[PDB]
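Reviewing the structure listed below.
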Amino acid sequence: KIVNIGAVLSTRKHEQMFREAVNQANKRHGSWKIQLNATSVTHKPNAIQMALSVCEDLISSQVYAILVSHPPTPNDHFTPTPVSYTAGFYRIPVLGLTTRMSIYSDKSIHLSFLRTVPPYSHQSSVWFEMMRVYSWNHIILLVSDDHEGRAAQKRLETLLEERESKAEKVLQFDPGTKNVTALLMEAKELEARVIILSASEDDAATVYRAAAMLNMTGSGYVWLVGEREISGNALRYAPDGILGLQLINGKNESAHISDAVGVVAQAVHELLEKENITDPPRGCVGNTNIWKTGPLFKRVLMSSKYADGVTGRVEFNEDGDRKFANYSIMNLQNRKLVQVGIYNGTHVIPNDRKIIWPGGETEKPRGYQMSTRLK
Amino acid sequence: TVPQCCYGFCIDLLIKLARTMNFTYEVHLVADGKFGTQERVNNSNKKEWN
Amino acid sequence: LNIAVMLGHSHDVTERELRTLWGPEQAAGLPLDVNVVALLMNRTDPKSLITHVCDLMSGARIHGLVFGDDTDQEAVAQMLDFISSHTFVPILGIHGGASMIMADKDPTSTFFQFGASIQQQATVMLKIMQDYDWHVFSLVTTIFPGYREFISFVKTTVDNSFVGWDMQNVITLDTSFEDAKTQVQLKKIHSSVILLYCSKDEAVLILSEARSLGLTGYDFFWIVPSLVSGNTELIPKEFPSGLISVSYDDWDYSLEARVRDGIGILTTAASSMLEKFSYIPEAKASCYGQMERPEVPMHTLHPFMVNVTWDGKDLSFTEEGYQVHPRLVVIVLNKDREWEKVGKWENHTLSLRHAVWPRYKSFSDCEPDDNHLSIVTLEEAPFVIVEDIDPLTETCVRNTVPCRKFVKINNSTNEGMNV
Amino acid sequence: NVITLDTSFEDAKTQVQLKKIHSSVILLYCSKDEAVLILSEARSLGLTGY
Ligand SMILES: *[C@@H]1O[C@H](CO)[C@@H](O)[C@H](O)[C@H]1NC(C)=O
Ligand SMILES: *[C@@H]1O[C@H](CO)[C@@H](O)[C@H](O)[C@H]1NC(C)=O
């Protein structure tokens, strides 16, 4: 009764510390004599080299999951796509550290992807909750031509339609356009005065510069900014009045990995005690079958509940991602981040700090201004 | 699109509504001259008004 | 400059190599002659695939890689997507594991497959509904990633449709094996035509529940999508006859017919590329090793093959990469659990049928019924104003009854279409 | 037509019998023990609406 799980990690010190962490977790809470075997591999930038290492280390060692961490450099993408694709042959579950892209959310592209970071779709839920608690009905949306942006727009539409409320219109941008001035003007020529930004960092910076040079930073113009659009050039080319969002305990690495490996060990024990388990082929060449425990892992993990994590109970959505994560509303005051609101599940907890708005006003504006220019 | 000078029956009601409801009306004329209903065009599976 | 086609163990290697060699030599000779490097193996291991890709790359910079398969796994499509995201080599999908297209079209991907998307299947289903004059819908779907958008698209289409069929709220099964709410969900539907959007394994249990509740009557009609009934030779006992499905198979096409079309498309793309530019594209010097991000200096082949005509058979691709004029041969389950061709969709993106209405006989249960009451009607007296199908409106009026009549064509032959 | 339950604990035809009725007012002629299971089947099928 020995199970070996491979790990993909960036640096050697991380490998050693995570090996020690999983060895300690093998004895934390309730555990048996032999449950896990500690193995790890380095994060190789070369695709062929990393694929060969994965095949020669994990497949040939009877693994049930892949412990792949986030790329060391956030600037580069280095998306964990090849590992998920290789694990999709036998529906092998994988571990996502902070991969927040919506590409892995759908199961049509990635058959079995599991991550501990909530998707970008939760930004739509945050916006909906803020509108509900601040009485906002008419809202325009600015989404670029991206798969994640389209998914977020669909989530917003399906979350707002249940209250018999529909957005006025949604503008589509492109990754690289520099003449969005016409789109900004046609968005300004609207009844609503609340704008939501959800795009790449460079596009967000460009559109914010266009808004600043077109005098869109005035009073009564509430700006909503996503998680990824508050860094980079945003900290330099953005005045106060920004309603930013940030994940609580998100950038931390070891905070969630221990809980994830504990959940993996518990799932392995449950699978061992449930029924017969099929074993993966030893060599990487010679077998192209499909695991019979593939859907079984999803069935036993989606309904699994574990309160031993640092964030209380652990629950998974229909896409096998983190459910009910902790969010934090970010406000900018003289290029300084100020914490006011937090999210812990269908609740809002504002702090004593006043929420400022663009133009220097200290009162919440209204999005209903009738210009009386009825054609 | 030369400016014309149209008047009649509904103009008085429109002026009264504008006076009593903070409205600033801009009267325009139909470019087609028809009320507009469902019509069939290329890709006739589309119900768009004219 | 070089063409490589991947095959399996279904047929002999020598004849496949010979036919691939003499394919391009049939007509439309290329200015630069191309060769064939055909590799045949039963297994489809990823390491074998990447080694074969590297060998083809070392084969004098092969520009065209035709990938075939014989299994029923969709992960090979993902693996080929990831491979083409770096090798920058266009690949045409053939029969096998690449037939099912379900992955998102990557911006750097160079795939133009022969598969059928869900978007172009809803129109075929609507055309079938119009032909059958069935004005009752029931979108009994299942929660899967990417089905909410399909439901929104179909509801917008039916709302936009002039016919305006009866629409009911989507009564979907929340979670599998509820055993307490499935009965409520099955009681929430009281119609005759039900559309299903699920997988094969869940469709099996859905059909079992329908059999337990008794939803296999004469008036009941069912339509099964392509992804559920893709495997034609495996028919579970819980599938009653009459399951109308729309897909493409090898009844009217062959691997040779597909590879000839693929090589013709590749030749047309090469000709379009040579029309504008006069530079031969070059591949990566190495097989897969790289230390920096890759890029394509010259323009890709996507804008060149937007408009492709092959001997009067326009086989083009959309922006994503889906075909414009697929096959979509309609298949209806036989009384003895077989699949037969009952129409075609390539005829100017329209629907065709053999005019065989009654096929839903009591098979799973034993209860005869007399529902299709045959009626004969004439037009001599001024009591009937029956008129032929008008091209405008919705092929008829909102207040009419479907009819049929044998139209004469020749003074000797008795054959007449049931228009 | 009288849609009656032939034998108790059929488990294969009771669902068909419950699907054969599509009305709102139902009269019962049985015993207490069998009425208990009939009501349980109705609850499973959801026949306790307004
Ligand atoms: C991450 O969380 C763990 C436990 O919550 C803590 O010990 C560690 O210091 C955190 N990491 C950082 C960088 O603060
Ligand atoms: C709207 O009506 C009020 C009277 O209630 C008036 O004081 C105000 O000037 C009006 N606004 C405009 C733009 O005419």
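Using every pair of separate Cα atoms, the Kirkwood estimate puts the hydrodynamic radius of chain C at 24.6 angstrom. With neighbours defined as other Cβ atoms within 10 Å of a residue's Cβ, the residues A:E157, A:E273 order from fewest to most as A:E273, A:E157. Relative to the longest principal Cα axis of chain A, at what angle does helix A:254-274 sit, 0 to 90 degrees, rounded to 10? So the helix axis and the longest Cα principal axis differ by about 50 degrees. Overall size of chain A from C-alpha positions, given as principal axis extents largest first: 75, 41, 41 Å. Dipole orientation for the protein assembly as shown: of the candidates C:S10, C:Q78, C:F112, C:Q78 has the Cα lying most toward the positive pole (charges on Cβ; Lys, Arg +1; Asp, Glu -1). Computed over the alpha-carbon pairs of the range A:1-130, the distance histogram in 10 Å steps reads 11, 39, 34, 14, 3, 0 percent, short to long. Rg/Rh for chain B stands at 1.16; both radii use Cα atoms, and Rh follows the Kirkwood definition. Legend: P(r) of the range C:278-393 from all alpha carbon pair distances, 10 Å bins from 0, whole percents, reading 8, 18, 21, 19, 15, 10, 6, 3, 0. Across chain C, the relative contact order, built from alpha-carbon pairs under 8 Å that are at least six residues apart, equals 14 percent. To the nearest ten degrees, helix B:10-20 and the longest principal axis of the Cα atoms of chain B are 60 degrees apart. When the alpha carbon gyration tensor of the range C:109-255 is reduced to an equivalent ellipsoid, the three semi-axes, largest first, read 24, 20, 17 Å. Taking a straight Cα-Cα cut-off under 14 Å and skipping sequence neighbours fewer than 8 places away in the same chain, the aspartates and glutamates within cross-link reach of A:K292 are A:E275, A:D279, C:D201. Mean residue ellipticity at 222 nm, helices only, chain D: -11500 deg cm²/dmol; runs of at least 4 DSSP H residues each add -39,500 (n - 2.57), and the sum is divided by the number of residues.
Farthest towards the positive end of the charge dipole of the range C:268-419, among the residues C:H372, C:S351, C:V332, is the Cα of C:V332, using unit charges on the Cβ of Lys, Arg, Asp and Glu.
Within a straight-line Cα-Cα reach of under 18 Å, A:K178 can be paired with the following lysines, leaving aside sequence neighbours fewer than 8 residues apart in one chain: A:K188. Charge dipole (Cα centre; +1 on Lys/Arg Cβ, -1 on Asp/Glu Cβ; no other charges) of the range C:253-321 amounts to roughly 140 debye. Under a straight-distance cross-link criterion of Cα-Cα below 18 Å, which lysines are reachable from A:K354, leaving out those fewer than 8 residues away in the same chain? Straight-line reach from A:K354, under 18 Å: A:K336, A:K364. Relative contact order of the range A:172-242: what whole-number percent is it, with Cα pairs under 8 angstrom and at least 6 residues apart? Relative contact order for the range A:172-242 comes out at 36 percent. In the structure shown, the pairs C:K341/D:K19; C:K313/C:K344; C:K127/C:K187; A:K13/A:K274; C:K155/C:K335; A:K298/A:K323 are assessed against 26 Å; a Cα-Cα span above that value is assigned to C:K341/D:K19; C:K127/C:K187; A:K13/A:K274; C:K155/C:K335.
Taking other residues whose beta carbon is less than 12 angstrom from the beta carbon of A:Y208, and scoring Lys, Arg as +1 and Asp, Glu as -1, yields -2. With Cα atoms defining each centre, the range C:17-60 and the range A:123-188 are spaced 48 Å apart in the structure.
Relative to the first principal axis of the alpha-carbon coordinates of chain C, what is the inclination of helix C:13-22, with its axis defined by its Cα atoms, in degrees from 0 to 90 and to the nearest 10? It is inclined by approximately 80 degrees. Dipole orientation for the range C:160-248: of the candidates C:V170, C:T182, C:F221, C:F221 has the Cα lying most toward the positive pole (charges on Cβ; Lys, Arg +1; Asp, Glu -1). Kirkwood's formula applied to the C-alpha pairs of the protein assembly as shown gives a hydrodynamic radius of 32.2 angstrom.
Every Cα-Cα pair in the range C:1-145 was counted, and those over 27 Å apart are 35% of them. Summary value for chain A: 16 percent relative contact order, contacts being C-alpha pairs under 8 angstrom separated by 6+ residues. When chain A is treated as a GNM with alpha-carbon contacts under 10 Å, the residue of A:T81, A:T346, A:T39 showing the greatest mean-square fluctuation is A:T346. Taking the Cα centre of the protein assembly as shown as reference, the dipole from Cβ charges on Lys and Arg (+1) and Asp and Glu (-1) amounts to some 2600 debye.
Our helix-only sum for chain A, with -39,500 (n - 2.57) per DSSP H run of n ≥ 4 divided by its residues, gives a mean residue ellipticity at 222 nm of -9500 deg cm²/dmol. Pick out which of C:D131, C:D166, C:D390 has the largest mean-square fluctuation in a Gaussian network model of chain C, springs linking Cα atoms closer than 10 Å. Most flexible of the set in this elastic network: C:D390. Placing +1 on each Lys and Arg Cβ and -1 on each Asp and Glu Cβ, with no other charges, gives chain C a dipole about its Cα centre of roughly 180 debye.
In this analysis, Cβ positions are derived from the backbone assuming ideal geometry, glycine residues included, and neighbour counts consider all displayed protein chains. Computed from the coordinates by the stated procedures, all read-outs in this text should not be read as laboratory data.
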